[PDB]
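One structure is given below, encoded as structure tokens.
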Amino acid sequence: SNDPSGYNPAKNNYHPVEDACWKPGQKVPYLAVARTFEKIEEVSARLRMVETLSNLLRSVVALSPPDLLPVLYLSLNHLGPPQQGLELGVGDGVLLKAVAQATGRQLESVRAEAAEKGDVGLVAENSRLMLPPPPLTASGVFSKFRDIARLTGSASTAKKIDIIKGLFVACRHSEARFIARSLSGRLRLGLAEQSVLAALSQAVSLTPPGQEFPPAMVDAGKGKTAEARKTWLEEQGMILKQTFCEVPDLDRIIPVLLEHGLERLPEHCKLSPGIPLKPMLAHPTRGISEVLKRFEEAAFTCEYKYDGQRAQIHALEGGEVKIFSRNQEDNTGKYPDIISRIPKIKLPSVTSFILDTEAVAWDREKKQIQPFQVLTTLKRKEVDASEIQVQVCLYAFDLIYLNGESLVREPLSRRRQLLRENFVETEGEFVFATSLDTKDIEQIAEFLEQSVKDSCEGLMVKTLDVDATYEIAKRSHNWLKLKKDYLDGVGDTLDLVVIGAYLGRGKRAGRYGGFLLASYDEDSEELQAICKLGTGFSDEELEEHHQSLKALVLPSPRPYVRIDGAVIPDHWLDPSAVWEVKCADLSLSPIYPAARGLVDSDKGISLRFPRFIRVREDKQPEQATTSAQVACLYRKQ
DNA sequence: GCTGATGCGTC
DNA sequence: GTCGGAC
DNA sequence: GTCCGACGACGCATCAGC
Ligand SMILES: *OP(=O)(O)OC[C@H]1O[C@@H](n2cnc3c(N)ncnc32)[C@H](O)[C@@H]1O
């Protein structure tokens, strides 16, 4: 049948058996996957991407079920289940070395072209005494990626380069483009987890697994009205999405899906302590008015938004405790102190639970929350080891599971009541998030002010009874986050000088994707780098920046511009442009020189979450925010 | 082994 | 983390 | 609203060049 180079999963009236490019029972060719990625990359309509991926997956299900799992992971650019912690350990540097070797070019030449094009894939693809090696297969490429991720220790980079070179030598057509993009962590299809799930549920709905070959049912949706088909696929999609959000692990879900089908899947893969789940997320909301409009017909609660790290705390029946990050990373080992206090935070009647909390640094002498930067510096504190002044404190804000019962479909009013009834607070150790139930604008505004005075970032807002569940599948950003620095005109902005630009990648290829900013150190008469900047401009504004900063490019840096440890710009810029920049906090920096010596001996100051607001056309660089002003902003935190 | 660089997680 | 583009 | 991928500071385990 068909050579894979001609595979077209975007064709009208795609037939999963007749339009595939491999025979039943054989390994899915990687070129089939690459061709699907091509047809996805070529469009901007996400629903067209889903249809195209679904066509590939239908053929995988019909012909080669064992390759469904690797094909899905390749489509997500995942190495496996997130809690297993697999990491390629391949940066652009190592990848470029492998490309240079495979293409027979000097490294600097490949590096410069990759920076200019904004994409390593284009260099690997568009850049033989031996006949080709066997064609790449989807499962074979996936296992090679996992081989790369497993390599560790001295000389491991050399072994990784050998695997990558081996892949590139076997590539044809567009394969090297997507293998290089995968290895760089930037597959950039425009299609990610939500679209992959929609494609998968559509595929197994239209082309059910488990059919003796050839499958008699290849397009089950076909004969329905447009409305009935849409409703049916939505319902099937929700079955998969709700299961995935409770058990975000394709290693678990896919074998069940293939053996038992989608309808039975929830009976086999269930929320359970010890298995990380997807956390509820929050939509940014730029003011109280937007909150009220969003929750127009629903009573809601406001809670302090604590400035720490999420900690999903699992207590299994029998006493084992596990702690997971918001991205399902196993964090159990960072918190032995916490784990030994679990019998202290729960009533004796609690036999199992899943808590949603923020881990925060707490200074027990000052009795106050410390900045996130302090928290990330805390070393693990063994129980029976000597006590230190600052410790991790949990601020609990949700209860997902209790005594063998999932609370995912319960309204927050009930989950919060069970949380408050069944758990016990200890200052500096385990505390319920401070909250207020109101619709009064002035009360909300005063509560927002108080959260900031109490060392928090702002407010989380959550409905209590209407659309108030923990069902990520229904709405992943079911909560709202309201920060003072979202309010334009509110909070501290800086006027900073653009001293450098960085070539853009991906969506920014062909212009500047980032910029190096500086404050003005009056005492030493120098500009000091303070942060980089890569968000806040519209596409049109970024085009304007590219055009006006192009003219200011210098071959060699000005001698009064100090950047110390900052990334050297691709283009140094005549210090001229002054931009208004907003941030959330100021941090003590290990690399930036701004205001060094004014607050800390060895460290300058940088900006947390900086973003572009507007050009200060009226201001000259001498009128930029000074480094003394930067120190003033830091101290008043 | 020493030293500086960095991939990748957190936010 | 923030942000804006495509739908 | 939803989904996606541009881009930020920073800590550190672990890497390569000697
Ligand atoms: O900015 P963001 O989308 O990452 O915000 C969500 C995160 O905020 C943290 N957090 C802190 N305090 C709360 C409360 N009270 N409720 C919910 N989330 C909260 C979480 O870590 C969350 O990921």
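Worth knowing before you read on, the calculation uses all heavy atoms, side chains too, and leaves out hydrogens, waters and symmetry mates. A note on names: the letters A, B, ... follow the listed sequences, proteins ahead of strands, and every chain is numbered from 1.
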* Report the residue (A:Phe612 or A:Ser44) whose heavy-atom-nearest nucleotide on DNA chain C is the more 5′ of the two. =>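 Whichever sits nearer the 5' end wins; that is A:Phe612.
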* Starting from the 5' end of DNA chain C, give me the residue, A:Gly308 or A:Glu540, whose nearest nucleotide shows up first. =>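 Nearest-nucleotide comparison on DNA chain C picks A:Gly308.
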Below 4.0 angstrom, N of the basic side chain to O of the carboxylate: do [X] and [Y] qualify?
X        : Y        : answer
A:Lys507 : A:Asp119 : no
A:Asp467 : A:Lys474 : no
A:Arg310 : A:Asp356 : yes

Nucleotide [N] sugar, north or south by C1'-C2'-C3'-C4':
N      : answer
D:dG1  : south
D:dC7  : north
B:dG4  : south
B:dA5  : south
D:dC10 : south

Tell me which nucleotide among [options] gets nearest to the side chain of [X].
X        : options               : answer
A:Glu87  : D:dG11, B:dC11, B:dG9 : B:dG9
A:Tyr592 : D:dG1, D:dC12, D:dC10 : D:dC10
A:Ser325 : D:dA6, D:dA9, B:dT10  : B:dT10
A:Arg286 : D:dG5, D:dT2, C:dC3   : C:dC3
A:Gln373 : D:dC10, D:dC15, D:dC4 : D:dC10
A:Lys379 : D:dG5, B:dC11, D:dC12 : D:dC12
A:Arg475 : D:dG5, B:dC11, D:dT2  : D:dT2
A:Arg294 : D:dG11, D:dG5, D:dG1  : D:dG1

Establish, with yes or no, whether the OP1 or OP2 oxygen of [N] is under 4.0 angstrom from a side-chain nitrogen or oxygen of [X].
X        : N      : result
A:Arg608 : D:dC10 : no
A:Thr376 : B:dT10 : no
A:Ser587 : D:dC10 : yes
A:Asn327 : B:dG9  : no
A:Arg186 : D:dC7  : yes
A:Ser589 : D:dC10 : yes
A:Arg611 : C:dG1  : no
A:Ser538 : C:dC3  : no

* To do: Kindly determine whether A:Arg294 and A:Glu290 satisfy salt bridge (charged side-chain N to carboxylate O under 4.0 Å, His left out), including the steps that lead there.
  => CA-CA 6 Å; A:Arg294 191 68 183 271; A:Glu290 185 182 344; 5.5 Å; no
Touch check for [X], heavy atoms < 4.0 angstrom, all strands: base, sugar-phosphate only, or nothing?
X        : value
A:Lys97  : nothing
A:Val90  : sugar-phosphate
A:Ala584 : nothing
A:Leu47  : nothing
A:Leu375 : nothing

Starting at [atom1] of [X] and ending at [atom2] of [N], how long is that distance when rounded to a whole Å?
X        : N      : atom1 : atom2 : answer
A:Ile161 : D:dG17 : CD1   : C1'   : 13 Å
A:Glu329 : D:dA13 : CD    : P     : 15 Å
A:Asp119 : D:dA6  : CG    : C1'   : 14 Å
A:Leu86  : B:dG7  : CG    : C1'   : 14 Å
A:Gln194 : D:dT2  : CD    : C1'   : 9 Å
A:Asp564 : B:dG4  : CG    : P     : 15 Å
A:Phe609 : C:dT2  : CZ    : P     : 6 Å
A:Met49  : D:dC4  : CE    : P     : 9 Å

* Mind running side-chain contact (heavy atoms from CB on, under 4.5 Å) on A:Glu51 and A:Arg46 for me, showing each step along the way? => CA-CA 9 Å; A:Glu51 182 82 6; A:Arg46 198 179 57 76; over 6 Å; no
* **Test log, rule side-chain contact (heavy atoms from CB on, under 4.5 Å), inputs A:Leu503 and A:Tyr512** => CA-CA 5 Å; A:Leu503 306 185; A:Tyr512 302 133; 4.1 Å; yes
* Check: A:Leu448 main-chain N/O paired with A:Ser451 side-chain donor or acceptor under 3.5 Å ->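 Answer holds: yes.
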* Asked: Does A:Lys532 count as lying over the ring of A:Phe515, i.e. NZ or CZ under 6.0 Å from the six-ring centre, within 45 degrees of the axis?
  -> no
* Asked: Between A:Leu480 and A:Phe295, does a side-chain contact (heavy atoms from CB on, under 4.5 Å) hold up when you go through it step by step?
  -> CA-CA 10 Å; A:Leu480 306 174; A:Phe295 292 161; 3.4 Å; yes
* Asked: In residues 480-511 of chain A, which ones come under 4.0 Å of DNA chain C, going by heavy atoms?
  ->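 The answer is A:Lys481, A:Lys483, A:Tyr486, A:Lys507.
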* Decide yes or no on side-chain contact (heavy atoms from CB on, under 4.5 Å) for A:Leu277 and A:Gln312, but give the supporting numbers first. => CA-CA 9 Å; A:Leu277 65 138; A:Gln312 191 183 90; 3.3 Å; yes
